[PDB]
Amino acid sequence: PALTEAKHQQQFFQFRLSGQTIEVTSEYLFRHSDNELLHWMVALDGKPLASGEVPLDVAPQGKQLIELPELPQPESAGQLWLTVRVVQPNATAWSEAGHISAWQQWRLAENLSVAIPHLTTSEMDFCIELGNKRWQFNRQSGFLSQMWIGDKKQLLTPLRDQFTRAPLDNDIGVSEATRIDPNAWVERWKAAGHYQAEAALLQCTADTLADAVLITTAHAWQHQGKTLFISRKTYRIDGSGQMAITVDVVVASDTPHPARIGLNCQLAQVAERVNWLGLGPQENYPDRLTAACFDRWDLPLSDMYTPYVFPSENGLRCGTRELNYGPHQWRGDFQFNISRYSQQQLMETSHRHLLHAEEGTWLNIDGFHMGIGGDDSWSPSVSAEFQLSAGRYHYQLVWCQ
Amino acid sequence: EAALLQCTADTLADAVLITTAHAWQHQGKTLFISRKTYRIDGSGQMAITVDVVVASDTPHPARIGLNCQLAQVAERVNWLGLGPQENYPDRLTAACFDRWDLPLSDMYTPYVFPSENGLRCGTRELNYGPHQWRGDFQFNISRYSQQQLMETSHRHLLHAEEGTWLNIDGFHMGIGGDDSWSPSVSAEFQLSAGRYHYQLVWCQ
């Protein structure tokens, strides 16, 4: 995936948007743009609204102003996105016809958007029912432990907070089981107990509102007496079957910054494809996502796993506003990865060929995710602005059918 | 102009929950949407959760917070936060986190040309009269409204209004200063995230 990032950062055309005017600057030193046309497209939440093509005629180190025709003023809600791509119409010795050599995306105008579930309480769980949908929250764990559509269970593993990732080579550095490197991210995480932290239930309560049921939970993650993380959640299940999850996390200032702040569950279903409105199509992370474009992407599940020979956290897509998998839809503003391999398996397997697809599908939905680094892979390389150091984090999801 | 989208109340087991949603609009465009929850529990504490959406295409707002005019005028302001002096997100390195206690007058900086002033950042507790606010916020507290400051050319023309204006911000824009004839607020101090969340607890 990184290659695409390189391609984007090294591209020979730079773009600047001013109103509806695109300034295309050539970083070629010698050649005129004699085999380039600029395709542009305006889209609303992934739906195209207008497009066009303009031949590039820009001298080396020169500028070309391209005036866009009046773009649409869709009175519907959502964010307009302008995407430009430079296409080489004719083949070269090194490229086929239609080769994409450069691209850029900007946000245009945004228009902001302007039966009651029955609760049954037992000593062991809260059960919420609405039509053929059923949610089961375990009161001893404090987590959404099962979901039914009709009679079919949807979860193999409860929906739980996740603050760790299968370490990247950049997280490990030169640290080895025999020769620990204490400044490596993985060693700091392990020493702080991030991978061994035991969730402790502080609160689990249910309450029926006028048109919804509200489940409020609070957990503390602890290691050797120290509280690393506190998660306080609210689950609001309303008369439309939509489960709105609000998550507020506190992170101890003195514990190493966590790799991620999100949720994970093992979904019982395995679907052939993953659809999402977000950055894609390829794997992208907070400090490697410039090359990714915001759009409606639809890929086979296999393409959501990057087969790094040394397994690690992989396949994240950021800036995601909608995720569709099977009958499930998640909405919000999150990063996600979706695969057949748990973070645990990735972490404890040395070679990709030794991975075995687990039952169902592991979904990691993150409100926040740490950078991956890469300035070097033998010292901490994640820049401060990509570390999860804020101490308090908030994210909201909506899970529905 | 604030437009009410939602205002609903609901009694929980041990608290009352008021949920509201407002849209700020100008000439047909929605600039901001605020969605709040007020949870008043059996201890008298009012927990306020605020989630704000800001249109990507509107200029980044100077602040995202709350304001009210308190009826009381107290002699002193106590706070656990950055101080003792005025500090802003791009000017707070010199401020120290501590328990500070100053006369109310010292919470107003008398710039000859009136403007936003007196902000204290990184504040976890604020005590004024019988009121206590808790969370992680920036605040200023004075006898002068933002409107009066904006519409008055000289400090000597300011008149203390009835009571005390409290501005509690979850977020506040930088002040700049590289120059004062062009935009100087660096990107990392502009409120550009599009979505903001902050929580307060107001009690006696």
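Below, chains carry the letters A, B, ... as their sequence lines are ordered, and counting in each starts from 1.
Ring planes of A:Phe13 and A:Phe15: tilted class, angle from 30 to 60°. Note: A:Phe163 and A:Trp221 have perpendicular aromatic rings, judged against thresholds of 30 and 60 degrees for the angle between ring planes.
Residues A:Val251 and A:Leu388 are not in side-chain contact: their nearest non-hydrogen atoms beyond the backbone lie 4.5 Å or more apart. The shortest distance between side-chain heavy atoms of A:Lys233 and A:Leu263 falls below 4.5 Å. The shortest distance between side-chain heavy atoms of A:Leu346 and A:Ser312 does not fall below 4.5 Å. Inter-residue side-chain proximity for B:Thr19 and B:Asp10 is flagged as unmet; no heavy-atom pair is nearer than 4.5 Å. In this structure, the side chains of A:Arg321 and A:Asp45 stay at 4.5 Å or more apart for every pair of heavy atoms. In this structure, A:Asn35 and A:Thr92 have side chains that are in contact, with non-hydrogen atoms separated by less than 4.5 Å. Between A:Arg288 and A:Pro1, the closest side-chain pair of non-hydrogen atoms falls below 4.5 Å. Looking at A:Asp171 and A:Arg165, their side chains come closer than 4.5 Å, going by heavy atoms from C-beta outward.
Screening A:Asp298, A:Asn324, A:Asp303 against A:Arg273 for a side chain to side chain donor-acceptor pair (under 3.5 Å) leaves a single residue, A:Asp298.
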Exercise for the section: Tell me, with the steps shown, if A:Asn337 and A:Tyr305 meet side chain to side chain contact (heavy atoms under 4.5 Å, CB included). Expected result: CA-CA 8 Å; A:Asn337 64 36; A:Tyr305 157 74; over 6 Å; no
Exercise for the section: Please assess A:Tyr235 against A:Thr217 for the test side chain to side chain contact (heavy atoms under 4.5 Å, CB included), listing each intermediate value before the final yes or no. Expected result: CA-CA 8 Å; A:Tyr235 307 76; A:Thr217 67; 3.9 Å; yes
Handout entry: Derivation of the side chain to side chain contact (heavy atoms under 4.5 Å, CB included) call for A:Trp185 and A:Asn170
Key = CA-CA 8 Å; A:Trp185 277 105; A:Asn170 294 342; over 6 Å; no
Handout entry: A:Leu155/A:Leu267 under side chain to side chain contact (heavy atoms under 4.5 Å, CB included): CA gap, chis, key distance, verdict
Key = CA-CA 5 Å; A:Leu155 305 182; A:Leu267 300 169; 4.0 Å; yes
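Other residues, nucleotides and ligands contribute over 12 non-hydrogen atoms within 6.0 Å of the CD atom of A:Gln203. Dense packing is recorded around OH of A:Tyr308, with more than 12 heavy atoms of other residues, nucleotides or ligands lying under 6.0 Å away. Heavy-atom neighbours of A:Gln9 CD from other residues, nucleotides or ligands within 6.0 Å: above the threshold of 12.
Between A:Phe294 and A:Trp297, the shortest heavy-atom distance links the atoms C-NE1, 4.3 Å. Across all their heavy atoms, A:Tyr285 and A:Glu313 have their closest contact at OH-OE2, 2.6 Å. Of all heavy-atom pairs spanning A:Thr164 and A:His194, the tightest one is CG2-O, 3.4 Å. Nearest heavy-atom pair, A:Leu112 versus B:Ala55, reported as atom, atom and distance to 0.1 Å: CD1-N, 3.7 Å. Taking each heavy atom of A:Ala212 and A:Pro117 in turn, the nearest pair found is CA-CG, 4.1 Å. Of all the heavy atoms in A:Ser76 and A:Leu44, the pair that sits closest is OG-CD2, 3.1 Å.
Of the inter-residue distances, the one linking A:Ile100 atom CD1 with A:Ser95 atom OG reads 12.0 Å to the nearest 0.5 angstrom. Atom CG of residue A:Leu159 and atom CG of residue A:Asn138 lie 13.0 Å apart, to the nearest 0.5 angstrom. Here A:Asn275 contributes atom CG and A:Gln329 contributes atom CD; the two are 9.0 Å apart, rounded to the nearest 0.5 Å. Here A:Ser51 contributes atom OG and A:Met41 contributes atom CE; the two are 6.5 Å apart, rounded to the nearest 0.5 Å. If you take CG on A:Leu214 and CZ on A:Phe126, they are separated by 11.0 Å, rounding to the nearest 0.5 Å. Interatomic distance, CG of A:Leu277 versus CG of A:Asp295, reported as 7.5 Å (0.5 Å rounding).
Remark: the backbone N or O of A:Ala109 is paired with a side-chain donor or acceptor of A:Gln79 at under 3.5 angstrom. Proximity of a side-chain donor or acceptor of A:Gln387 to a complementary backbone N or O of A:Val382 within less than 3.5 Å is detected. Using modelled atom types, one side-chain atom of A:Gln345 and one backbone atom of A:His356 make a donor-acceptor pair closer than 3.5 Å. With A:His328 contributing its side chain and A:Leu323 its backbone, the two residues share no donor-acceptor pair below 3.5 Å. Side-chain atoms of A:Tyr195 never come within 3.5 Å of backbone atoms of A:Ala191 as a donor-acceptor pair (strictly under, hydrogens ignored). Checked by atom type and distance alone, the side chain of A:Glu27 never pairs as donor or acceptor with a backbone atom of A:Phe12 at under 3.5 Å. Side chain of A:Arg317 to backbone of A:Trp276: no donor-acceptor contact under 3.5 angstrom is found. For the pair A:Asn111 (side chain) and A:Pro74 (backbone), a donor-acceptor distance under 3.5 Å is present. No donor-acceptor pair closer than 3.5 Å links the side chain of A:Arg331 to the backbone N or O of A:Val398. Of the possible donor and acceptor atoms, none in the side chain of A:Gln396 sits under 3.5 Å from a partner among the backbone N and O of A:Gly332.
Checked by atom type, the side-chain pair A:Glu36/A:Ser101 shows no donor-acceptor distance below 3.5 Å. Under 3.5 Å, the side chains of A:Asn364 and A:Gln162 contain a donor-acceptor pair of N or O atoms. A side-chain donor from one of A:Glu385 and A:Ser383 sits under 3.5 Å from a side-chain acceptor of the other. A donor atom on one side chain and an acceptor atom on the other are found under 3.5 Å apart for A:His394 and B:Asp51. Side-chain atoms of A:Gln11 and A:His8 form a donor-acceptor pair, as typed in the model, at a separation below 3.5 Å.
For an aromatic pair to be called close, the ring centres must be under 6.0 Å apart, and A:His219 with A:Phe229 fails this.
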